[PDB]
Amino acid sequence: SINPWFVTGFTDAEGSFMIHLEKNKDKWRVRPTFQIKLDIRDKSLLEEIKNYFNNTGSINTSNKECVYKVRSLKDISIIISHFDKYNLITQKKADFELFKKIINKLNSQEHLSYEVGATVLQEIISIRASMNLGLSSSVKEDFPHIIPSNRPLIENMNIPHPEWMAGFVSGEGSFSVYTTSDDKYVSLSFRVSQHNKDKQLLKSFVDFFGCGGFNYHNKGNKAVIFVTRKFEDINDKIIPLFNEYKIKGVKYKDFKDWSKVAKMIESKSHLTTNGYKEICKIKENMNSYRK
């Protein structure tokens, strides 16, 4: 069964803690939701997660994407137990803390709809304001004088367990095989990207794997990547590491194919014509080219 730190690592990568407000004829409803949305080829892994959470919530599917949503207050309590015991470490931790606060207010009040004059409602709107994309312009018109709450700082966070990294990479990792345009040479890369708001966390990856380096992703500097390329490191640190703490979902297959190329390179087979042919074949069917 799926390890709990894997579930957390995967949520730091792809999950969401949201509170939304809707008007319902002179009353506002507070709608909490926890959400994971993936491309449809990973429905299977969503099923394993939903399962981990006592089959709370529901999956929905639309030809290209699939979505796990947990929206009822009963169901949400068990989600919150998990993340209290196995804490997030990305900036997503802060949206989770704010989320948790609102949930507690709703439980204290035993209900989800409020008349504009409610004090609890204003406290909630104040907190909602510092979450995710903040207030809508519609709500902003109806509550002009609300001061957003303090967004908690998330600093100096350590990777709590290797299984977190397996979850996280199952979410944001990428395994590549580079061929030269001249078609002579082959190399590998393992990359993880993130928004610049988590540059600190990503720089500590160099320490975790004990190799690789850290770059900006584009001229904007609004995103950064962790990268390993050096083949000694890939073959001695990165691959053994993930043979033990296994990645999951379709990305597992890309990791298997990547591993296969890596063995051919170990044995020098990448400098043979057939070896290069086999590697090109493997490459043409991995990642976004996968059947």
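The first residue of the sequence shown is number 1, and the count goes up from there.
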task: Can you let me know which of the two, 164-172 or 115-123, has the higher average C-alpha B-factor in the entry?
output: 115-123
message: Quick check on the record: does 200-208 or 68-76 carry the larger mean Cα temperature factor?
response: 200-208
task: Could you tell me which one of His82, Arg191, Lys100, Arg151 shows the highest CA temperature factor in the PDB record?
output: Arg151
statement: Entry record, C-alpha B-factors for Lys37, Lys248, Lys256, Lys27; the maximum is at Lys27
- prompt: Considering only modelled residues of the same chain, in which third does the CA B-factor of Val139 rank: lowest, middle or highest?
  reply: highest
message: Per the entry's values, where does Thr180 land by CA temperature factor relative to the rest of its chain, in the lowest, middle or highest third?
response: middle
- request: Consider only the C-alpha atoms of the modelled residues in this chain, order them by B-factor as the entry records it, and name the third containing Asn60: lowest, middle or highest.
  value: highest
message: Please place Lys263 in the lowest, middle or highest third of its chain according to the CA B-factor in the PDB entry.
response: middle
task: Would you mind ranking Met157 by its C-alpha B-factor against the rest of the chain and naming the third, lowest, middle or highest?
output: highest
